[PDB]
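What follows is a single structure, written as structure tokens, with notes after it.
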Amino acid sequence: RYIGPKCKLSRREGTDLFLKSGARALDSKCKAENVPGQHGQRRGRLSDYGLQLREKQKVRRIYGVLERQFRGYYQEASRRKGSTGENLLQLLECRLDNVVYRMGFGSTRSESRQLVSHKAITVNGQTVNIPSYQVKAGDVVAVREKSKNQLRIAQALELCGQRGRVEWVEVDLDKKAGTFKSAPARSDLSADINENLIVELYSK
Amino acid sequence: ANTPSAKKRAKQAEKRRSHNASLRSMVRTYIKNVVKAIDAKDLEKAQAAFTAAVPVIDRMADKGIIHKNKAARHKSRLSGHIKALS
Amino acid sequence: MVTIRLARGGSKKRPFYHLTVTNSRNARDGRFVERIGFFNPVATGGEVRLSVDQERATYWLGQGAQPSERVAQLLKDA
Amino acid sequence: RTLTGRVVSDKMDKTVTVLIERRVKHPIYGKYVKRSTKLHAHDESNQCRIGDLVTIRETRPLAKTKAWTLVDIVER
RNA sequence: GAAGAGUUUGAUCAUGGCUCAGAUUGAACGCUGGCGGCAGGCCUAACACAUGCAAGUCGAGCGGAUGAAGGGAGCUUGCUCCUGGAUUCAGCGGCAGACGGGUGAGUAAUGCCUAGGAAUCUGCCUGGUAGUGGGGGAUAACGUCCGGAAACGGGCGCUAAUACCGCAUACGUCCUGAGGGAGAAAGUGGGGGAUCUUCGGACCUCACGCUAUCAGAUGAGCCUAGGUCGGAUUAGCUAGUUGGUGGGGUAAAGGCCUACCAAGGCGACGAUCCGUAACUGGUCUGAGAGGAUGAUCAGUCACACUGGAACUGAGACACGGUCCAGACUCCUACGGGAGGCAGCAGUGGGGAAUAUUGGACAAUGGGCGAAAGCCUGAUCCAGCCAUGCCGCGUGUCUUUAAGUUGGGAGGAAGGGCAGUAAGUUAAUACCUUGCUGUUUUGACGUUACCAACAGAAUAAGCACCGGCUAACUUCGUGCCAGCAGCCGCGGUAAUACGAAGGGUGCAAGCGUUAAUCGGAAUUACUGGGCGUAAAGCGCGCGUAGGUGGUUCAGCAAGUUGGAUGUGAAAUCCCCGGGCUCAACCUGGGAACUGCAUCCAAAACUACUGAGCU
């Protein structure tokens with residue numbers, strides 16, 4: 001998890017990051033028109049390894065993940081047989097931190113990672129409280145039956161067809177309970193990553 | 001220090017050693033006299049001398065002061081040279 | 001001295017046994033003569049309780065090994 | 001149960017030493033080297049001269065540094 | 001399944017070293033700290049050790065100490081003569097103390113590891129085979145005396161046995177192996193109707209014991225081959241050494257011990273001496289080859305202040321045994337005595353540096369026991385320490401952790417008992433035992449874990465920002481003060497040094513000191529060099545050795561395939577199962593490139609033979 005004020009992290013990349021605070025926009029009042037840092041009124045020399053850094057240091061800043069946690073996820077890519085780049089983002093989509101919002105129970109990942117620690121998101125009739133569970137293809141996803149009249153769960157159901165459907169789940173909005181159908185490939189992702197170029201920041 | 005579980009076996013060992021020293025020496029003086037018998041070359045007492053010894057070499061072997069095949073060798077060493085007196 | 005015996009593997013507050021055939025000249029967890037199958041009293045779904053194979057368990061009873069006290073009433077679970 | 005070597009010294013009674021040679025590989029160098037092994041063989045009748053070839057058998061030790069007896073003079 | 005940069009020069013190229021990215025540990029140190037689970041925690045002084053504890057167990061093996069109760073006699077409920085037997089437990093005796101535990105000092109080779117080999121014992125255990133009869137002498141406790149403040153000594157005198165010694169007896173077992181000779185044991189408790197009587201005993205009957213052997217399991221001992229650390233600025237070493245026999249001896253082969261006979265033995269494939277070190281499964285970096293390496297874990301070894309030595313015992317040359325010697329230390333009432341933490345705590349002392357004078361035998365073991373159980377600093381498990389390895393939390397109006405309260409499994413296998421059935425029984429009379437169903441009871445950690453409650457109240461820090469790391473204004477300071485791994489930076493607008501002001505690395509940790517491998521083709525077998533960079537002796541004769549023209553045939557040592565035993569388990573590698581997830585835990589296999597044996601092969605090599613030029 002990364003904490004603090006988050007308007008300043010929407011400026012380095014250029015992409016919306018799916019990191020916001022309300023329900024209308026992003027980078028529309030927190031003045032995203034420059035390149036921040038110590039002194040960034042001028043650019044220059046935007047090339048390979050520092051870009052391979054800015055690739056992984058974006059992917060780190062979205063998914064609530066630390067380099068204690070994330071470069072152990074490259075360790076399973078070599079434990080995976082073949083096609084290491086998309087098989088990195090497999091476990092980031094079998095991640096439960098993202099798929100609460102990929103369903104849409106919380107406003108963002110910053111409310112998705114939080115409530116599952118506050119004993120909201122069960123897996124299969126058990127009590128799971130980790131933002132690292134690996135959801136199999138074919139469990140239900142339900143909510144504990146005391147956070148149902150939590151009304152900021154109802155402050156997330158407006159962006160289902162507004163942030164666009166994912167077309168990989170089948171959810172019941174009446175129960176506030178979902179079901180993760182299957183694992184994605186590299187067609188179900190946003191096109192702002194470079195999956196076999198995060199790989200190249202391993203030997204240097 | 002030491003324990004009275006071991007202080008009891010302080011007496012139980014050395015007193016038992018004293019009984020096992022005599023009975024052990026009661027063996028090997030009988031074998032010496034039936035080697036003195038061969039070294040005197042007189043069969044006429046040598047036959048009567050180790051037939052007094054064989055009831056002692058194995059009777060000690062039977063009660064676990066010595067082992068039973070130490071007896072089996074010395075019953076075969078002395079006989080294999082009394083036969084040589086011929 | 002030859003004995004079939006429960007022997008602690010596993011973790012602390014996580015018992016796992018091997019049912020070693022030992023000599024009672026060694027420790028519980030070192031120099032076993034034979035491991036026949038295991039035991040697990042924390043057995044939950046999917047974990048088999050005990051892998052007792054009577055193909056070899058006859059042999060040490062046949063060659064003169066003994067249960068300790070509990071090993072007798074694991075064979076009584078049959 | 002068959003070890004073969006050529007006779008190199010016979011000037012003692014009932015005892016002979018042979019060079020049981022071999023050629024085996026060096027582990028990290030790959031070149032097959034010879035490794036000479038100089039056993040002691042016990043003769044029951046002392047009929048082996050220097051340059052003879054014999055085979056031997058293992059038993060209980062016949063002396064110190066001797067646990068192998070003579071089987072048969074194979075050739076000369 | 002393998003990533004390179006920077007740096008010699010005015011520039012280049014080549015040879016060649018330096019410094020750097022990484023991953024690591026048994027970790028320190030400088031900083032700052034919320035929690036859980038599994039882990040790990042003298043790496044130095046095998047330094048010295050106060051204190052408590054680390055192996056006592058048994059009365060159903062035996063003599064002997066003390067008197068629960070109860071029923072009675074007197075005095076009259078105070079008391080003992082008794083009657084009795086509940087109980088304990090210092091002295092004998094069995095077994096254990098040879099295990100668990102710890103440490104790595106010694107050891108360069110028979111220690112370890114891999115393969116094989118026979119000339120041996122093994123208490124308790126398990127299958128049988130044969131047997132428990134009859135005697136005898138002591139001995140402690142106890143009695144007192146002497147010496148001593150005590151500790152303890154040592155004078156006689158009592159008594160026992162599952163303590164000892166003969167005699168009887170011999171299915172094996174040993175000798176001679178003709179014939180023959182030889183030598184064993186112990187009884188105790190739960191019972192029992194007929195005859196002997198004091199159906200206390202005897203006999204009957206199971207239970208624990210006891211013995212003489214065999215086969216096995218389980219340990220433990222020899223012997224051979226292989227390899228196992230650095231040096232030739234260590235080349236000769238060796239006399240009981242190498243064989244031979246006679247004997248002697250070990251549980252067992254063997255110059256192991258011995259006398260005498262002979263002159264052998266070891267070694268340039270590295271002997272001997274010298275320095276160093278437990279070894280291995282493995283571990284760490286690696287594309288692998290390898291290199292480094294032996295902390296937890298498991299096998300073997302080795303040691304117990306230091307050295308020598310046996311004793312008892314199935315098993316020791318015995319860590320909480322004895323003896324002797326040495327060093328040290330301690331109590332003395334000066335007579336005489338005692339001690340050995342590399343056992344768990346703990347203390348100095350050394351050091352960069354490492355923990356509690358904890359809880360209980362409830363689980364697993366053991367050690368005795370007929371059983372009950374009794375002990376165990378082994379263990380199960382707890383404090384202490386970010387020491388790793390995982391998860392987790394510090395808020396985007398939820399309450400997780402934490403804390404309050406209420407709840408709540410699993411660790412328990414069984415023991416007591418009083419029926420119930422069974423099969424040994426001569427008599428399922430009766431004991432003794434295994435079965436069944438019920439009742440009674442026993443958890444060190446006392447909880448994990450579930451569900452309520454108050455409210456963001458209790459949570460972030462570190463290092464850098466000149467380059468090749470795309471984190472990259474100024475202010476103070478002026479070849480000062482300083483920083484830094486390589487270049488370098490500072491000599492007056494400082495992106496290189498000290499703050500502030502911002503970012504960035506990844507997070508209860510971040511960094512730098514140290515060590516290991518790496519990139520390093522920078523010791524190049526894979527996989528390098530030598531005219532001038534470092535490097536051809538100045539060249540010969542030639543010993544071991546390395547390699548060897550040519551053909552048929554043979555051998556099957558190297559080579560090649562399959563077969564079988566292994567290569568322990570662990571670790572690792574995949575598929576899993578579980579902790580709500582990950583570590584961790586295991587199940588299954590994979591792996592273990594190895595070793596000998598076995599058969600099959602004959603192109604090539606050695607060897608063997610006849611040749612060919």
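Each chain of the structure tokens is named A, B, ... in the order shown, its residues numbered from 1; ligands are numbered from 1 in display order.
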
May I ask you to extract the residues of chain E within 6 Å of chain D, using only C-alpha atoms (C1' of nucleotides), and to give them as a VMD selection string? chain E and resid 253 to 254 269 525

Please, which residues of range 12-84 of chain B, numbered as in this document, come out alpha helix (DSSP H) from DSSP, as an MDAnalysis selection string? chainID B and resid 12:39 43:50 54:62 68:77 79:82

Using only C-alpha atoms, which of the listed residues (B:28, B:82, B:71, B:13) sits closest to residue 48 in chain B?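 Of B:28, B:82, B:71, B:13, the one nearest residue 48 in chain B, counting only C-alpha atoms, is B:82.
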
List the neighbours of range 284-287 of chain E out to 10 Å using only C-alpha atoms (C1' of nucleotides); skip same-chain residues closer than 3 positions along the sequence, and give me the result as a list in words. residues 1, 2, 23, 24, 290, 291, 292, 293, 516, 517 and 518 of chain E

For the atom pair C1' of residue 587 in chain E and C1' of residue 574 in chain E, what is the interatomic distance in Å to one decimal place?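 Between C1' of residue 587 in chain E and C1' of residue 574 in chain E the gap is 13.5 Å.
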
If you run DSSP on this backbone, which residues of chain D come out as strand (DSSP E), and could you give them as a VMD selection string? chain D and resid 3 to 9 15 to 20 23 to 25 32 to 34 37 to 42 53 to 63 66 to 75

Could you turn the residues from that selection into a file that holds C-alpha atoms, as a JSON list (two decimals), in the first residue's frame?
```json
[["chain", "number", "residue", "atom", "x", "y", "z"],
["D", 3, "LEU", "CA", 41.98, -59.05, -9.44],
["D", 4, "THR", "CA", 44.99, -59.39, -11.72],
["D", 5, "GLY", "CA", 48.49, -57.98, -11.39],
["D", 6, "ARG", "CA", 52.05, -58.72, -12.46],
["D", 7, "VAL", "CA", 54.64, -59.94, -9.95],
["D", 8, "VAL", "CA", 57.26, -57.38, -8.90],
["D", 9, "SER", "CA", 58.90, -58.84, -5.76],
["D", 15, "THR", "CA", 54.12, -63.83, 0.38],
["D", 16, "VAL", "CA", 54.27, -61.88, -2.88],
["D", 17, "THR", "CA", 53.36, -58.36, -3.98],
["D", 18, "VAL", "CA", 51.93, -57.52, -7.41],
["D", 19, "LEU", "CA", 51.05, -54.36, -9.32],
["D", 20, "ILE", "CA", 47.32, -54.55, -10.00],
["D", 23, "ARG", "CA", 43.53, -47.10, -16.33],
["D", 24, "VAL", "CA", 40.68, -44.89, -15.12],
["D", 25, "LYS", "CA", 39.57, -41.33, -15.87],
["D", 32, "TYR", "CA", 42.22, -41.57, -18.62],
["D", 33, "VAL", "CA", 45.29, -42.00, -16.41],
["D", 34, "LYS", "CA", 46.87, -45.15, -15.07],
["D", 37, "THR", "CA", 47.83, -50.47, -7.01],
["D", 38, "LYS", "CA", 50.42, -52.59, -5.20],
["D", 39, "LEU", "CA", 48.60, -55.36, -3.30],
["D", 40, "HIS", "CA", 50.14, -58.17, -1.28],
["D", 41, "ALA", "CA", 49.25, -61.75, -2.18],
["D", 42, "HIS", "CA", 49.81, -64.79, 0.03],
["D", 53, "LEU", "CA", 50.87, -62.75, -13.77],
["D", 54, "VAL", "CA", 48.44, -64.01, -11.12],
["D", 55, "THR", "CA", 44.85, -63.67, -9.97],
["D", 56, "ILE", "CA", 43.82, -63.46, -6.30],
["D", 57, "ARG", "CA", 40.89, -64.00, -3.90],
["D", 58, "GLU", "CA", 39.75, -62.05, -0.82],
["D", 59, "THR", "CA", 39.37, -63.81, 2.54],
["D", 60, "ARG", "CA", 40.08, -63.08, 6.20],
["D", 61, "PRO", "CA", 43.46, -61.32, 6.61],
["D", 62, "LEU", "CA", 46.54, -63.54, 6.48],
["D", 63, "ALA", "CA", 48.82, -60.96, 8.13],
["D", 66, "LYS", "CA", 47.75, -58.90, 3.60],
["D", 67, "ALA", "CA", 44.20, -60.17, 3.09],
["D", 68, "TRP", "CA", 44.47, -61.77, -0.37],
["D", 69, "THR", "CA", 45.66, -65.26, -1.29],
["D", 70, "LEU", "CA", 46.88, -66.90, -4.47],
["D", 71, "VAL", "CA", 44.33, -68.51, -6.78],
["D", 72, "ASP", "CA", 46.31, -69.58, -9.84],
["D", 73, "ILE", "CA", 49.27, -68.62, -12.01],
["D", 74, "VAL", "CA", 47.41, -67.54, -15.14],
["D", 75, "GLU", "CA", 50.39, -66.97, -17.43]]
```

Counting only C-alpha atoms (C1' of nucleotides), which residues in chain E sit no more than 10 Å from chain B? For each one, give the nearest pair of atoms and the distance in Å, sorted by chain then residue number, as a tab-separated table.
```
residue	atom	partner	partner_atom	distance
E:55	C1'	B:5	CA	8.8
E:56	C1'	B:5	CA	7.2
E:57	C1'	B:5	CA	9.9
E:92	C1'	B:8	CA	10.0
E:97	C1'	B:6	CA	7.9
E:164	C1'	B:19	CA	9.7
E:173	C1'	B:68	CA	9.8
E:174	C1'	B:72	CA	5.6
E:175	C1'	B:75	CA	5.3
E:176	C1'	B:79	CA	7.5
E:181	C1'	B:51	CA	7.7
E:182	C1'	B:55	CA	5.8
E:183	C1'	B:59	CA	5.4
E:184	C1'	B:62	CA	7.2
E:212	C1'	B:62	CA	9.5
E:247	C1'	B:77	CA	10.0
E:250	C1'	B:70	CA	9.4
E:251	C1'	B:67	CA	7.4
E:311	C1'	B:17	CA	6.8
E:312	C1'	B:13	CA	4.9
E:313	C1'	B:13	CA	9.2
E:320	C1'	B:2	CA	6.5
E:321	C1'	B:6	CA	6.7
E:322	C1'	B:10	CA	6.8
E:338	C1'	B:1	CA	9.2
E:339	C1'	B:1	CA	7.1
E:340	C1'	B:1	CA	8.7
```

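Interface residues of chain E facing chain C, defined by any atom at most 8 Å away and using only C-alpha atoms (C1' of nucleotides), are residues 38, 99, 100, 124, 125, 126, 216, 217, 218, 298, 299, 364, 365, 366, 410, 411, 413, 577, 578, 584, 585 and 586 of chain E.
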
Within 10 Å of residue 87 in chain A, counting only C-alpha atoms (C1' of nucleotides), which residues qualify if same-chain residues fewer than 4 places away don't, as an MDAnalysis selection string? chainID A and resid 73:74 76:78 80:83 91:93 184:186 195:196

Hey, can you spit out that residue selection with C-alpha atoms as a short mmCIF file (atom, residue, chain, number, x, y, z; two decimals), in the first residue's frame?
```cif
data_model
loop_
_atom_site.label_atom_id
_atom_site.label_comp_id
_atom_site.auth_asym_id
_atom_site.auth_seq_id
_atom_site.Cartn_x
_atom_site.Cartn_y
_atom_site.Cartn_z
CA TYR A 73 5.87 -12.17 -8.60
CA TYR A 74 8.53 -12.20 -11.30
CA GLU A 76 6.69 -17.19 -10.39
CA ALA A 77 6.96 -16.03 -14.03
CA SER A 78 10.05 -18.21 -14.36
CA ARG A 80 5.51 -20.44 -14.92
CA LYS A 81 6.13 -22.34 -18.16
CA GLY A 82 6.48 -19.84 -21.00
CA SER A 83 5.20 -16.33 -21.83
CA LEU A 91 -1.60 -13.21 -10.44
CA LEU A 92 -2.30 -9.48 -10.37
CA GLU A 93 -5.76 -10.44 -11.67
CA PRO A 184 -7.72 -13.21 -18.43
CA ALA A 185 -5.23 -13.19 -21.28
CA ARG A 186 -3.55 -10.11 -22.77
CA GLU A 195 4.62 -6.71 -20.12
CA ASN A 196 7.87 -8.13 -21.55
#
```

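With distances restricted to only C-alpha atoms (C1' of nucleotides), A:121 is the closest residue to chain E from A:121, A:173, A:88, A:26.
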
Neighbours of residue 120 in chain A within 10 Å (only C-alpha atoms (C1' of nucleotides); same-chain residues fewer than 6 positions away dropped), as a PyMOL selection string? (chain A and resi 112+114+127-129+142-148) or (chain E and resi 398)

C1' of residue 294 in chain E to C1' of residue 278 in chain E: how many Å, to one decimal? 9.7 Å

Excluding residue 562 in chain E and any residue of its chain fewer than 5 positions from it, enumerate the residues within 12 Å of it, using only C-alpha atoms (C1' of nucleotides), and give them as a ChimeraX atom specification. /E:598-601

With a distance cut-off of 8 Å and only C-alpha atoms (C1' of nucleotides), select the neighbouring residues of residue 52 in chain A, excluding the residue or stretch itself and same-chain residues fewer than 2 positions from it, and output the selection as a PDB file with N, CA, C and O atoms, in the first residue's frame.
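The resulting out21.pdb:
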```pdb
ATOM      1  N   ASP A  48      15.767   4.186 -22.410  1.00  0.00           N
ATOM      2  CA  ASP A  48      15.420   2.793 -22.108  1.00  0.00           C
ATOM      3  C   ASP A  48      15.303   2.365 -20.644  1.00  0.00           C
ATOM      4  O   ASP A  48      14.195   2.039 -20.207  1.00  0.00           O
ATOM      5  N   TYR A  49      16.405   2.335 -19.882  1.00  0.00           N
ATOM      6  CA  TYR A  49      16.354   1.683 -18.571  1.00  0.00           C
ATOM      7  C   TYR A  49      15.588   2.530 -17.561  1.00  0.00           C
ATOM      8  O   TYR A  49      14.911   2.000 -16.673  1.00  0.00           O
ATOM      9  N   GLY A  50      15.685   3.854 -17.678  1.00  0.00           N
ATOM     10  CA  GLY A  50      14.838   4.709 -16.871  1.00  0.00           C
ATOM     11  C   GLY A  50      13.388   4.690 -17.296  1.00  0.00           C
ATOM     12  O   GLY A  50      12.513   5.009 -16.486  1.00  0.00           O
ATOM     13  N   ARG A  54      10.318   3.406 -15.161  1.00  0.00           N
ATOM     14  CA  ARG A  54       9.016   4.075 -15.095  1.00  0.00           C
ATOM     15  C   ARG A  54       7.864   3.166 -15.511  1.00  0.00           C
ATOM     16  O   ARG A  54       6.708   3.443 -15.170  1.00  0.00           O
ATOM     17  N   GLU A  55       8.148   2.104 -16.267  1.00  0.00           N
ATOM     18  CA  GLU A  55       7.168   1.042 -16.459  1.00  0.00           C
ATOM     19  C   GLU A  55       6.849   0.337 -15.148  1.00  0.00           C
ATOM     20  O   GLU A  55       5.690   0.319 -14.719  1.00  0.00           O
ATOM     21  N   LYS A  56       7.871  -0.229 -14.495  1.00  0.00           N
ATOM     22  CA  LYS A  56       7.647  -1.014 -13.284  1.00  0.00           C
ATOM     23  C   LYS A  56       7.241  -0.124 -12.115  1.00  0.00           C
ATOM     24  O   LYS A  56       6.470  -0.543 -11.248  1.00  0.00           O
ATOM     25  N   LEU A 197       8.655  -5.860 -21.092  1.00  0.00           N
ATOM     26  CA  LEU A 197       9.662  -4.833 -20.872  1.00  0.00           C
ATOM     27  C   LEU A 197       9.827  -4.494 -19.393  1.00  0.00           C
ATOM     28  O   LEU A 197      10.825  -3.868 -19.021  1.00  0.00           O
ATOM     29  N   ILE A 198       8.870  -4.884 -18.553  1.00  0.00           N
ATOM     30  CA  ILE A 198       9.108  -4.975 -17.116  1.00  0.00           C
ATOM     31  C   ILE A 198      10.070  -6.125 -16.818  1.00  0.00           C
ATOM     32  O   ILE A 198      10.875  -6.036 -15.883  1.00  0.00           O
ATOM     33  N   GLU A 200      12.629  -6.957 -18.584  1.00  0.00           N
ATOM     34  CA  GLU A 200      14.008  -6.603 -18.901  1.00  0.00           C
ATOM     35  C   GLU A 200      14.689  -5.836 -17.773  1.00  0.00           C
ATOM     36  O   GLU A 200      15.916  -5.694 -17.778  1.00  0.00           O
ATOM     37  N   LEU A 201      13.930  -5.347 -16.797  1.00  0.00           N
ATOM     38  CA  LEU A 201      14.515  -4.748 -15.596  1.00  0.00           C
ATOM     39  C   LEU A 201      14.713  -5.824 -14.526  1.00  0.00           C
ATOM     40  O   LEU A 201      14.161  -5.788 -13.433  1.00  0.00           O
TER      41      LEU A 201
END
```

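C1' of residue 64 in chain E sits 8.5 Å away from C1' of residue 160 in chain E.
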
Please determine the contact residues of chain E with respect to chain A at a cut-off of 10 Å, counting only C-alpha atoms (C1' of nucleotides), and supply them as a ChimeraX atom specification. /E:3-4,21-22,391-401,465,469-473,501-504,506-507,580-582
